[PDB]
């Protein structure tokens, strides 16, 4: 159990994280998140996106009944966090730092449609960042240095934490705003 955070080093909090914790700097929160707002660490879903795992339209919730509210997708629905292309650091905070297979990060395609539910077709399925977990426990907070591709405007990053000793992964979408 854990979530994408910006407590020590991260560039942008997960969408679910902002249902509970105020955004760095602005204090913005996401609203009307349903029950997941009390446990942003619990967006747990089946392994194997995009081959298996959460189906289209259920990616942001990872098919969790707790997090169903996160599957809404419009241009204005969610708090967007500023980002730039190039080197950036993403951060996970774990309430339970399970043995880890890897972390993978995907970004939406340049001309994705922010006004329809998220789907495999919205994302570049070639992950822009992969971090090996080596089937060991990570520390309770980790920072991953990634190269973020060039984009304009509103984009979504999908961060996947694959727990190595269960058939489950944690799925945190991130709402980011590039210049332009």
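Residue numbers count along the first chain shown, from 1.
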Worksheet item: Where do the C-alpha atoms have the higher mean temperature factor in this entry, in 57-65 or in 109-117?
Response: 109-117
Worksheet item: So 128-136 or 147-155, which one's hotter by mean CA B-factor in the entry?
Response: 147-155
Item to complete: Taking the values exactly as deposited, rank residue 46 by C-alpha B-factor within its chain and report the matching third: lowest, middle or highest.
Response: middle
Worksheet item: What third of its chain, lowest, middle or highest, does the C-alpha temperature factor of residue 76 fall into?
Response: highest
Worksheet entry | Ranked against its chain, the third holding the CA B-factor of residue 168 | highest
Worksheet item: Relative to the other modelled residues in the chain, which third contains the C-alpha temperature factor of residue 23: lowest, middle or highest?
Response: middle
Fill in: residue 95 - Cα temperature factor, lowest/middle/highest third of chain
lowest
